[PDB]
Amino acid sequence: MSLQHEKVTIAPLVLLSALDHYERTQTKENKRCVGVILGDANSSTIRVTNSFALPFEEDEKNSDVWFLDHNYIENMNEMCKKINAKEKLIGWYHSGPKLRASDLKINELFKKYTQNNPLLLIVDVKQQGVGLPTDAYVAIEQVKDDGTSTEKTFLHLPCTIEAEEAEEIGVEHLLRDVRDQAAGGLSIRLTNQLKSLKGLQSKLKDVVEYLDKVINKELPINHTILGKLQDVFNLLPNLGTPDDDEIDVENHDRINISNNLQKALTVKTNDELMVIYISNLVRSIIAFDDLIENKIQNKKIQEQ
Amino acid sequence: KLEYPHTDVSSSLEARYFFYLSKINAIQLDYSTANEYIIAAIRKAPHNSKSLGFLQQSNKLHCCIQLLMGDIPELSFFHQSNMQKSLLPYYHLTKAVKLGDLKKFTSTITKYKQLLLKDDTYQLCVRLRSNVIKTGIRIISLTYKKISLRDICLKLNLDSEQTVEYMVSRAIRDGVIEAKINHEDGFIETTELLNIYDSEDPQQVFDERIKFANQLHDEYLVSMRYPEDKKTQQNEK
């Protein structure tokens with residue numbers, strides 16, 4: 001086991017299969033697809049190569065009643081290693097459509113197999129967000145007192161992608177899109193800035209509603225959670241101070257440069273104008289030669 | 001009324017148009033908007049000898065309009081013209097304002113009065129008297145942070161202690177001197193911050209400069225195509 005995993009990058013193919021698998025097993029809500037996750041780990045970069053389905057039946061009358069095909073897993077692990085050896089058991093996906101408190105009973109079964117802590121990929125399968133609907137959680141074990149002595153909990157890690165030559169081009173090939181998660185050109189970064197503001201408002205409601213539910217729908221007072229919230233307010237900017245003033249001076253510098261840079265562009269655009277009128281100048285001499293040839297051609301027409 | 005179009009109008013008609021605009025605003029006490037037009041009107045007019053007369057008219061007007069707004073027009077522009085002899089009384093107006101000397105401005109407008117009346121700059125000159133005085137006291141405020149209003153009276157040869165107060169008092173309503181008068185500590189003390197780099201002002205300047213620049217980029221783009229289209233219609237290889 002290792003807790004050294006700071007990012008998870010997931011191939012397009014892993015996402016696409018697990019999602020694809022949900023309707024190939026023809027499961028609907030409250031029945032689960034789970035599959036084996038194969039890839040690299042023991043490193044900071046997790047690189048998620050492939051995945052394959054398992055059968056999974058969930059009974060939720062008792063969360064101690066579960067179906068898992070044990071034998072299937074061992075068999076399949078060995079065959080995959082003969083195509084490519086870099087495939088190891090690095091976890092299992094859960095098909096969502098939300099997190100539970102119940103995913104921890106299941107996680108224990110996968111610690112058994114592995115030499116890293118199993119990655120629990122909650123792939124939300126109706127697909128909500130203008131971002132990815134894929135969460136990564138790795139079970140981390142640390143001594144902590146919040147009413148417990150030793151806690152196993154799941155820490156979120158970022159989900160992003162990485163792709164091969166072949167795989168990237170195959171994505172692009174499906175897509176008729178030019179992307180907009182890129183943050184390349186001016187146009188693209190404009191779109192992004194507005195998406196960022198909308199991302200921020202929606203999360204703030206989720207924080208605002210959570211707090212209404214303690215105090216009026218009576219969940220318990222969780223010191224540890226609030227504690228974290230408190231610091232948000234403590235590390236706020238405060239204006240009407242010289243700090244606010246340094247910003248004003250900053251604005252001036254950048255907008256000056258935009259003007260001076262723009263004035264360069266006023267020469268560029270204007271210079272070109274003269275060059276076209278040169279091309280128009282040349283085209284009239286050429287058209288004159290044509291007009292002479294065509295004078296002669298008309299006499300032939302009369303003649304014949 | 002608003003119906004003055006820009007759609008196909010000749011450059012002769014626009015040029016005259018802007019000259020009139022400059023005159024109309026200045027007599028009714030707006031100077032801000034008269035600047036833009038008096039400059040525009042020189043630019044649309046061409047710079048020939050048969051047109052020189054029109055340029056002499058514009059150049060005389062450019063002195064009044066500019067000065068009343070409270071910016072001194074180029075000494076240089078009138079110096080290095082051929083029109084220098086026509087704008088000889090007018091050079092002498094600009095120098096009077098610059099130095100702040102009342103006596104000088106009064107002397108000028110007496111001697112050349114017959115010329116000034118024809119061009120219809122003279123009515124504007126009665127108002128330009130006001131500009132001379134503010135400059136004389138403006139000068140004293142920049143040099144001298146603390147000087148007793150007693151000393152200010154001697155220097156510009158004003159009548160009493162009450163006189164000196166009321167010019168300076170109006171100057172600061174419009175903010176031109178920008179000072180504070182102390183009558184119970186017996187001096188005028190300048191309150192000049194005199195920095196504009198740690199103001200939100202540069203933002204406001206750069207906006208004009210950028211909008212003008214983009215304006216021209218579009219004007220290059222639109223114009224460029226039309227001859228290209230015509231040569232294409234005509235037969236050529």
# chains A, B, ... in the order shown; residues from 1 in each chain; ligands from 1
call {"tool": "interface_residues", "arguments": {"of": "chain B", "to": "chain A", "cutoff": "8 Å", "atoms": "only C-alpha atoms", "output": "ChimeraX atom specification"}}
result
/B:197-200,202-203,206,209-210,213-214,216-217,220,224,227-228,231,234-237
call {"tool": "residues_around", "arguments": {"residues": "residue 117 in chain A", "least_positions_apart": "3", "cutoff": "8 Å", "atoms": "only C-alpha atoms", "output": "MDAnalysis selection string"}}
result
chainID A and resid 1:3 90:91 111 114 138:140
call {"tool": "select_by_dssp", "arguments": {"residues": "range 108-267 of chain A", "states": "helix (DSSP H, G or I)", "output": "VMD selection string"}}
result
chain A and resid 108 to 111 165 to 174 186 to 215 223 to 234 242 to 267
call {"tool": "closest_atom_pairs", "arguments": {"of": "range 108-221 of chain A", "to": "range 6-17 of chain A", "cutoff": "7 Å", "atoms": "only C-alpha atoms", "output": "tab-separated table"}}
result
residue	atom	partner	partner_atom	distance
A:157	CA	A:7	CA	5.9
A:158	CA	A:7	CA	5.6
A:159	CA	A:8	CA	5.6
A:160	CA	A:9	CA	5.0
A:161	CA	A:9	CA	4.8
A:162	CA	A:11	CA	5.8
A:163	CA	A:11	CA	5.7
call {"tool": "residues_around", "arguments": {"residues": "range 154-156 of chain B", "least_positions_apart": "3", "cutoff": "12 Å", "atoms": "only C-alpha atoms", "output": "tab-separated table (two decimals) with N, CA and C atoms, in the first residue's frame"}}
result
chain	number	residue	atom	x	y	z
B	99	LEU	N	2.11	84.44	-19.87
B	99	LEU	CA	2.84	85.22	-18.90
B	99	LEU	C	1.94	85.66	-17.78
B	100	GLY	N	0.55	85.66	-18.01
B	100	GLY	CA	-0.35	86.03	-17.01
B	100	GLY	C	-0.61	87.53	-16.86
B	101	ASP	N	0.05	88.30	-17.80
B	101	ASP	CA	0.12	89.75	-17.73
B	101	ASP	C	-1.16	90.27	-18.38
B	102	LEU	N	-1.94	91.01	-17.57
B	102	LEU	CA	-3.18	91.67	-17.86
B	102	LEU	C	-3.03	92.83	-18.80
B	103	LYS	N	-1.97	93.59	-18.57
B	103	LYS	CA	-1.62	94.76	-19.28
B	103	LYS	C	-1.25	94.58	-20.71
B	132	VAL	N	-6.68	85.24	-18.88
B	132	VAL	CA	-5.37	85.88	-18.64
B	132	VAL	C	-4.99	85.91	-17.09
B	133	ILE	N	-6.09	86.34	-16.30
B	133	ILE	CA	-6.00	86.64	-14.93
B	133	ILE	C	-5.66	85.35	-14.18
B	134	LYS	N	-6.44	84.20	-14.41
B	134	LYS	CA	-6.29	82.90	-13.74
B	134	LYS	C	-4.87	82.39	-13.92
B	135	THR	N	-4.26	82.47	-15.12
B	135	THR	CA	-2.91	82.11	-15.46
B	135	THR	C	-1.93	82.93	-14.65
B	136	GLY	N	-2.23	84.26	-14.39
B	136	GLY	CA	-1.25	85.06	-13.67
B	136	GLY	C	-1.04	84.56	-12.23
B	137	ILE	N	-2.10	84.06	-11.60
B	137	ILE	CA	-2.16	83.58	-10.24
B	137	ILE	C	-1.84	82.13	-10.13
B	138	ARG	N	-1.99	81.47	-11.25
B	138	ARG	CA	-1.62	80.05	-11.44
B	138	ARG	C	-0.17	79.88	-11.39
B	139	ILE	N	0.53	80.85	-12.04
B	139	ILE	CA	1.92	80.85	-12.07
B	139	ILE	C	2.54	80.91	-10.72
B	140	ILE	N	1.97	81.77	-9.79
B	140	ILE	CA	2.45	82.19	-8.46
B	140	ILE	C	2.22	80.96	-7.55
B	147	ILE	N	2.86	81.84	0.23
B	147	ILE	CA	3.11	83.24	0.09
B	147	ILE	C	1.88	83.90	0.64
B	148	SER	N	2.02	84.99	1.45
B	148	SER	CA	1.01	85.84	1.92
B	148	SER	C	0.31	86.56	0.79
B	149	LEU	N	-1.05	86.63	0.90
B	149	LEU	CA	-1.91	87.21	-0.09
B	149	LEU	C	-1.61	88.78	-0.26
B	150	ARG	N	-0.86	89.38	0.71
B	150	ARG	CA	-0.37	90.64	0.66
B	150	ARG	C	0.64	90.90	-0.42
B	151	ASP	N	1.54	89.88	-0.60
B	151	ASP	CA	2.65	89.82	-1.53
B	151	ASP	C	2.00	89.58	-2.91
B	159	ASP	N	-6.15	95.55	-6.30
B	159	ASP	CA	-6.56	96.80	-5.64
B	159	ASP	C	-6.50	96.78	-4.08
B	160	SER	N	-7.01	95.67	-3.58
B	160	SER	CA	-7.08	95.39	-2.13
B	160	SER	C	-6.83	93.97	-1.85
B	161	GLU	N	-6.91	93.72	-0.49
B	161	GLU	CA	-6.82	92.41	0.10
B	161	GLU	C	-8.13	91.52	-0.23
B	163	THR	N	-9.75	91.82	-3.07
B	163	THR	CA	-9.74	91.51	-4.52
B	163	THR	C	-9.09	90.21	-4.80
B	164	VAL	N	-7.88	90.06	-4.13
B	164	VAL	CA	-6.95	89.03	-4.30
B	164	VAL	C	-7.69	87.76	-3.83
B	167	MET	N	-10.63	86.44	-6.60
B	167	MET	CA	-10.18	85.74	-7.78
B	167	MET	C	-9.80	84.32	-7.50
call {"tool": "residues_around", "arguments": {"residues": "residue 84 in chain B", "least_positions_apart": "5", "cutoff": "12 Å", "atoms": "only C-alpha atoms", "output": "list in words"}}
result
residues 55, 56, 59, 60, 75, 76, 77, 78, 79, 89, 90, 91 and 92 of chain B
call {"tool": "atom_distance", "arguments": {"atom1": "CA of residue 120 in chain A", "atom2": "CA of residue 137 in chain A"}}
result
5.1 Å
call {"tool": "atom_distance", "arguments": {"atom1": "CA of residue 52 in chain B", "atom2": "CA of residue 29 in chain B"}}
result
28.6 Å
call {"tool": "atom_distance", "arguments": {"atom1": "CA of residue 23 in chain B", "atom2": "CA of residue 61 in chain B"}}
result
8.1 Å
call {"tool": "select_by_dssp", "arguments": {"residues": "range 124-210 of chain B", "states": "strand (DSSP E or B)", "output": "PyMOL selection string"}}
result
chain B and resi 146-147+179-182+187-190
call {"tool": "write_last_selection", "arguments": {"atoms": "N, CA, C and O atoms", "output": "PDB file, in the first residue's frame"}}
result
ATOM      1  N   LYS B 146       3.821  78.645  -0.100  1.00  0.00           N
ATOM      2  CA  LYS B 146       3.301  79.523   0.918  1.00  0.00           C
ATOM      3  C   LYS B 146       3.824  80.883   0.528  1.00  0.00           C
ATOM      4  O   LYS B 146       5.023  81.045   0.525  1.00  0.00           O
ATOM      5  N   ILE B 147       2.864  81.840   0.232  1.00  0.00           N
ATOM      6  CA  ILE B 147       3.105  83.241   0.092  1.00  0.00           C
ATOM      7  C   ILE B 147       1.881  83.904   0.636  1.00  0.00           C
ATOM      8  O   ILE B 147       0.755  83.463   0.430  1.00  0.00           O
ATOM      9  N   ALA B 179      -5.933  75.250  -4.243  1.00  0.00           N
ATOM     10  CA  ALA B 179      -5.150  75.703  -3.123  1.00  0.00           C
ATOM     11  C   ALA B 179      -6.117  75.794  -1.967  1.00  0.00           C
ATOM     12  O   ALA B 179      -7.202  75.328  -2.072  1.00  0.00           O
ATOM     13  N   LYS B 180      -5.712  76.364  -0.830  1.00  0.00           N
ATOM     14  CA  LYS B 180      -6.566  76.623   0.270  1.00  0.00           C
ATOM     15  C   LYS B 180      -6.064  78.001   0.705  1.00  0.00           C
ATOM     16  O   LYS B 180      -4.858  78.129   0.854  1.00  0.00           O
ATOM     17  N   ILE B 181      -7.018  78.900   1.051  1.00  0.00           N
ATOM     18  CA  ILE B 181      -6.752  80.259   1.554  1.00  0.00           C
ATOM     19  C   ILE B 181      -6.844  80.202   3.023  1.00  0.00           C
ATOM     20  O   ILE B 181      -7.736  79.551   3.577  1.00  0.00           O
ATOM     21  N   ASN B 182      -5.902  80.795   3.800  1.00  0.00           N
ATOM     22  CA  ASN B 182      -5.974  80.940   5.181  1.00  0.00           C
ATOM     23  C   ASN B 182      -5.912  82.413   5.465  1.00  0.00           C
ATOM     24  O   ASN B 182      -4.898  83.076   5.178  1.00  0.00           O
ATOM     25  N   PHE B 187      -1.600  83.533   4.970  1.00  0.00           N
ATOM     26  CA  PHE B 187      -0.925  83.122   3.755  1.00  0.00           C
ATOM     27  C   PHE B 187      -1.866  82.169   3.108  1.00  0.00           C
ATOM     28  O   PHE B 187      -2.776  81.606   3.727  1.00  0.00           O
ATOM     29  N   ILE B 188      -1.583  81.835   1.812  1.00  0.00           N
ATOM     30  CA  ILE B 188      -2.250  80.876   0.944  1.00  0.00           C
ATOM     31  C   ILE B 188      -1.244  79.792   0.939  1.00  0.00           C
ATOM     32  O   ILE B 188      -0.043  80.011   0.801  1.00  0.00           O
ATOM     33  N   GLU B 189      -1.730  78.571   1.146  1.00  0.00           N
ATOM     34  CA  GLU B 189      -0.943  77.353   1.145  1.00  0.00           C
ATOM     35  C   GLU B 189      -1.475  76.377   0.111  1.00  0.00           C
ATOM     36  O   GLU B 189      -2.612  75.957   0.087  1.00  0.00           O
ATOM     37  N   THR B 190      -0.629  76.030  -0.885  1.00  0.00           N
ATOM     38  CA  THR B 190      -0.978  75.064  -1.967  1.00  0.00           C
ATOM     39  C   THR B 190      -1.238  73.654  -1.372  1.00  0.00           C
ATOM     40  O   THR B 190      -0.449  73.161  -0.540  1.00  0.00           O
TER      41      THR B 190
END
